[PDB]
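Next comes just one chain, in structure tokens: the form deposited in one PDB entry.
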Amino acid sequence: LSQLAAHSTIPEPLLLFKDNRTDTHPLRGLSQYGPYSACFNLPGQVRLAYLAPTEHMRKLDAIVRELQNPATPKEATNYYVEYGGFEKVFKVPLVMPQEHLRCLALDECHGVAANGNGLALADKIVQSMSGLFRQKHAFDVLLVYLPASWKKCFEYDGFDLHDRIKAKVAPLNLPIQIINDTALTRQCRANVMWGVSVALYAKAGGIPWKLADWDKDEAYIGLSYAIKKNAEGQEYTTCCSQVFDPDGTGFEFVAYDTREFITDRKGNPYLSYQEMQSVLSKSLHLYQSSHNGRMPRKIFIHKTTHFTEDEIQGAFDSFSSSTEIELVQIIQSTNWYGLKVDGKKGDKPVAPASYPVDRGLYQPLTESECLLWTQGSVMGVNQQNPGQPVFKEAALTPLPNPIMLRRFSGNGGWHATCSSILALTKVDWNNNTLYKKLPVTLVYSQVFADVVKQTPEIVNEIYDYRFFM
């Protein structure tokens, strides 16, 4: 026949805010209740400093003046709520820079604008930013403006200016927010305000929200790769890993380099038994060191490629003999898309539904394969209409697309896997929309790999969350 067993829907995850109030809408929850960190006052204040040319300094200042005043959404008004100002949503004042926190690079900016400089631009920028190396207790986050002329240096077949600046700034322990010409445009101010205020609060040291279903004994790890493309006849590959909690914080990650990087120059994104074992052992060590030596009872590992013979055994030989391990591969491209059909209502026969399939639907296909949506109709978050769904990608695709899960290990059911992935989708503080296509584990592994790729040396160290977000 053509009956595809039976599908199930994962209910939309709830988020946790100040005083343990729950809401599925992040911006609405932040507006009504406030950030999660406000309960114990984790960030005392958010102090900013500027780093941009004077002829482009004023406009940067302008954006700060826009971050402490209300705004109204002109686009996507079905989801976005009214912005109330920084000391109305996050309960913490946004402190302007003083006279000594207005650094400049005047003679060094327009020259590289008129030139096509690469690495020297980045190291000169970092040197200019090094003048305040002592008085680092004067601000929390820096706002840096790369002009529309620096676009030529921005990147050319390889080297990336933003990635390399972030890489050189991470050891200096200071978060950075880069403002381009796009943030000062788009005719929808509320979008930019909601996207920058949350990022600044997170980079200051706060936790804007959290997952409500946090009372489980689980942990989550992600693995992703990136092509290095050195100017030669070869092609390097780099990988990274992270650890997350059921509440979804995961503030650290291990930046380990696969084996001896002297005469290896790996050509495919597949770790050997020893390399996978080393990475997972170091990840477990970091998780234990961050949680007072507590070992999770169950581990989820997500990867973009399949698990080879060596990788599964290396994963099983990194944890205890009584910890349940579930290895999942996530495939972004699929031949299925699926449509929603409403049932027979009052004097109304079955017919195709107006809005698309629900977000948390999952369909079993094979004894080891499943289709998860993570994209589609969402109920209860519409602002104007009270009972109309919201499809967030309506301006790009008429219909949502699912993902595939291959589940190389484990013995449990699909519900736990799909619930964990759907919950992990909703905790990206760099993203100002409702959710993402992929869980935060894969996203963060990809971004960490992209940053680590642009580095001449090994860098076997453990870095921080906010330094790359």
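Definition used throughout: the rigid core is the maximal C-alpha set that superposes within 1.5 Å between two forms. Residue numbers run from 1 along the displayed sequence.
Quick note: we don't show the form deposited in another entry, though the next part is all about it.
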Tell which of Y270, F261, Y273, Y355, after superposing on the rigid core, has its C-alpha displaced by 2 Å or more between the shown form and the other one, please.
-> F261
Superposing on the rigid core, do we see a C-alpha displacement of 2 Å or more at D247 between the shown form and the other one?
-> yes
Yes/no, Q388 Cα shift of 2 Å or more between the shown form and the other one with rigid core fixed | no
So with the core overlaid, does the Cα of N230 end up 2 Å or more away between the shown form and the other one?
-> yes
Distance trend in that other deposited form - C-alpha atoms of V254 and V440, change of 3 Å or more | closer
Change in CA distance between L174 and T249 in that other deposited form, which is 3 Å or more, as closer or farther | farther
